[PDB]
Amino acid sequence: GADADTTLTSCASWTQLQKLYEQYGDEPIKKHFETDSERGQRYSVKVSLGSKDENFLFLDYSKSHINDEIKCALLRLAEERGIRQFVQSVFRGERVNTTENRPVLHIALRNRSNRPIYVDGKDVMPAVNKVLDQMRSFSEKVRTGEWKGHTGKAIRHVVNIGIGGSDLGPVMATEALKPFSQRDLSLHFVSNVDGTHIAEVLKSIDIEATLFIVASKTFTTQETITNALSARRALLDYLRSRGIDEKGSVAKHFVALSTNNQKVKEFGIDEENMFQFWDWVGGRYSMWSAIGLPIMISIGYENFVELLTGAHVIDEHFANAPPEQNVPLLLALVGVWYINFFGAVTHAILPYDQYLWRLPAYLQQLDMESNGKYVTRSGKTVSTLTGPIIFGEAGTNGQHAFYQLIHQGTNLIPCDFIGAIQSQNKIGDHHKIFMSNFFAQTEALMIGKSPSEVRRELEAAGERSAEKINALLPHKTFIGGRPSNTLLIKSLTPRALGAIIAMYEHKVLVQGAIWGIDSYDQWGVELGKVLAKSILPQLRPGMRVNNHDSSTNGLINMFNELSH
């Protein structure tokens, strides 16, 4: 391909970090706690959310292979790569998404201060606020029962039709903020083009009382349009079977969240029912825009404003807080330390909150689709590793699933443990039992259990058999020194969720800027789309192909032989 990038590896700070890794990389995490009695406080930052309930976002990054020399060197890397100036460029509307020559302004969607942000010489704030007001008005009509279906019924089911950035945010947020929702409104999500997805939703709803929301930035995504057309056919099929006149039904049951005004009109949706968003709103950064309509319908306008405000508080913290006390910058640098120096290619998101069960899948798109790049903005091949593989499940289910590998496997896996001090559901002693695991797991990963400790524990329990002690000894040994970040909030309120997502959006921004890549494009999805479009007309019963490789030919031919 192109020439190799030297801008990052030639930085004096990068050379120093490589030197510091060779020197201190083998030192166990516990050693840093033994030499610094105030490590927990010195390697942690509390950011107030500015609400009356005194909620906060506390990051503890102390359980890491980072001493003061490494922390200082990581901060110097941030200065050398011009992170401060890059952040200002993003926030002010500069076209940082260089491959598409477009601004990156998801921060404008939640700009509660209404500080003017310009695109093509025009302040975008009145347009942002106009859509938020349109969302308020419509969501209130749905929630109060004012918005009626074709047969006069109030809305009981809300079906979002969209994929990726037009699905994951709405799913994650409605699940995360379920205690703040209106329970009489059932939320359904159709995303997969697999006929099963729309089929199962159609079995679970009363189409007369259903509002379909077609969410798509482009309004041309094959999955979404195919599902939307089937949802429309279903509405018309129901009315026809009951003998009811179908004229004007689509306008009462369908709304659109898009940037493409022309494609929305071709479908048959009223322009009054189109909720606009812009090109500078990336799909994986769109839950704050019109895409957030199903979230607003579920939790209400005031709670949606709280979600936006939480993000805004972290946006202001990120842009203004000093480097050594900046939460998203520190989280990003700890990540760069593990990815580029330790060679850790995986990162676990472990939320100890059942409502946040869809957070790992959301962060998979946010991080992996943003930073899974191998070429820089200048078009040169990267000389370092970029985005890691994100995985995880809600705690404690993970403990009885894959923690065995995190504790005793052959891979170094940085983990983010997210938890809340207060539960929304106070059932007996469930929360303290739950949180005992939250604190214990990070402690366990850090300290481990040495061969000598295992021998003392077995001999203290009364085991006089030297054979059984020696045989079980290595299997019961925990090397420890496994890193983790602990993110603690007072409670998972809409403001708290907004804060958490914005923190991760900004972590991704910093990592992408350090590597010199474009965290805002997605050229990697194009080949699969083009080759699928070429294979589609070849999928007919009995048809034989020979234009692809022998594997693909054999697979398509077998499919055609047995499809029908």
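Counting begins at 1, following the sequence as shown.
- Higher average CA B factor: 229-237, of the stretches 283-291 and 229-237.
- Of the two segments, 450-458 and 437-445, the one listed with the higher mean B-factor is 450-458 (C-alpha atoms only).
- Take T384, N470, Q408, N192 and read off each C-alpha B-factor from the entry; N470 has the highest.
- Looking only at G379, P414, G165, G419, the residue with the top Cα B factor in the deposited structure is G379.
- When the modelled residues of the chain are ordered by their C-alpha B factor, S64 lands in the lowest third.
- The deposited CA B-factor of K71 belongs to the middle third of values across its chain.
- Annotation for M274: C-alpha temperature factor in the highest third relative to the rest of the modelled chain, per the entry.
- When the modelled residues of the chain are ordered by their C-alpha B factor, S484 lands in the lowest third.
- Split the chain's modelled residues into thirds by C-alpha temperature factor. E369 is in the lowest one.
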